[PDB]
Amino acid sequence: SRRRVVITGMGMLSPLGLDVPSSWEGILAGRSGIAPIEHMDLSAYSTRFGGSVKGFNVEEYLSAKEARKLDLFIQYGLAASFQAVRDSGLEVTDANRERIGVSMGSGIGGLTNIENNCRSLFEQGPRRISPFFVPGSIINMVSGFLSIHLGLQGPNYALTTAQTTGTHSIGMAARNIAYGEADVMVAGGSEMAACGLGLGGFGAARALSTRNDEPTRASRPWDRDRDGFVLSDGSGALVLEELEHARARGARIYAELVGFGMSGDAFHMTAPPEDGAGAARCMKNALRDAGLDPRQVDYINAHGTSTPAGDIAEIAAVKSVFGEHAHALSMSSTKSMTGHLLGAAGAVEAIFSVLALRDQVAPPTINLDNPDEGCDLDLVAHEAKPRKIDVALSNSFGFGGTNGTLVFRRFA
């Protein structure tokens, strides 16, 4: 009844690479992108490391002058978006531009821009605030600037669901296409919260790993010595496309997006319920949306943020949804390597789930030296595992109990 939705283009900035192939090579190699932060004085901070984008040149995408108008999170979102559109080979024309939209989100948006303009405001007064402060800092300006640059006149919006943003953005973009509002959507997320406010904010909540002595070992999902998440920056974008449209132009199809689930925990502002009941409802919703039996799932890209409560809740949710099959599927947290890109986490992890299908390899959970009590599933400890993957699930859970699941399948 609804139209089928396929992935024809992907783009990324991550702590592992300035594009998808370099990032994916890092993932399959078990490489960490976590390092002491260099771009700011963290002397007063209990966490002094994170996943930075290393060597990003915005001038490959924008003039210096246009880039100066935009927070880093918008620059990162545009870079991933331009990559994804180029990767798709899509030609935007007068005939189709009304059928091509964009939904690129962020969890936290323009903290670095706000910090910089704050400094000017407090030291000199409001006369020193940039004229571009508002349009250069608001979360919908990845969608806005991408649409202006490429001439996209389809649905133009942005989601902000904290750490679930990238997953929800991709899922709702798939709905736009499936139910006929667009033929193509650029969807995903971007984040740059490695500023005083980001590290300070999460630090004040005591939510961050403080393993400053061994940053590459800090992100250790399901390991008994985990002590909170690692803050990371970057972006992921997918070109989502109606199947008939993709086939008509001879698009290379990476995978099909067959399922999208949402749920609210309705439990706590930041903490998940012990049994992951909302995450379980969300995964079941995604599987029902895809018309799939739980036993058809081969690979789960976990939320797996390396928090004591979250990692255990996620094991409980998977055990509830999949029963005995929980022991047959493979589940890994690529955040073991990338850290937590917050709003961009679901976008880069959708891409890793699609590449898991393409290459038939489950990425590793690195740092899983001593699995905690009840963490007895195949969590792909230490090393990439070649295996059969017909169906891959990507999970994101966020503040406010907001849950999202995407289900991808090999394209037949």
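Numbers follow the displayed sequence, beginning with 1. Between two forms, the rigid core is the largest collection of C-alphas that superpose within 1.5 Å.
| query | So which moves more in 4 other deposited structures of this protein by CA, 39-47 or 345-353, given a superposition on the core? | reply | Between the two stretches, 39-47 moves farther in 4 other deposited structures of this protein.
| query | On average, are the C-alpha B-factors higher in 85-93 or in 268-276? | reply | The recorded data point to 268-276.
| request: Output the stretch having the higher mean C-alpha B factor in the entry; the candidates are 117-125 and 131-139. | output: Per the PDB record, 117-125.
| task | Please work out which residue in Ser232, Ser235, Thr112, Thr334 has the highest C-alpha B-factor recorded for this crystal structure. | result | Result of the comparison over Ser232, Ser235, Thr112, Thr334: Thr112.
| query | Which of these, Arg281, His340, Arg99, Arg295, has its C-alpha atom at the highest B-factor, as the entry lists it? | reply | The record points to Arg295.
| Comparing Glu60 with the other modelled residues of its chain, is its CA B-factor in the lowest, middle or highest third? | Within its chain, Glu60 is a middle-third residue by C-alpha B-factor, going by the deposited values.
| request: Give the position of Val321 by CA B-factor within its chain, expressed as the lowest, middle or highest third. | output: Ranked within chain, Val321 CA B lands in the highest tercile.
| query | In terms of the chain's CA B-factor thirds, is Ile37 lowest, middle or highest? | reply | Highest third of the chain for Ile37's C-alpha B-factor.
| query | If you rank every modelled residue in this chain by C-alpha B factor, which third holds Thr216: lowest, middle or highest? | reply | Its C-alpha B-factor belongs to the middle third of this chain's values.
| Which third, lowest, middle or highest, does the CA B-factor of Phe352 fall in along this chain? | It falls in the bottom third of the chain.
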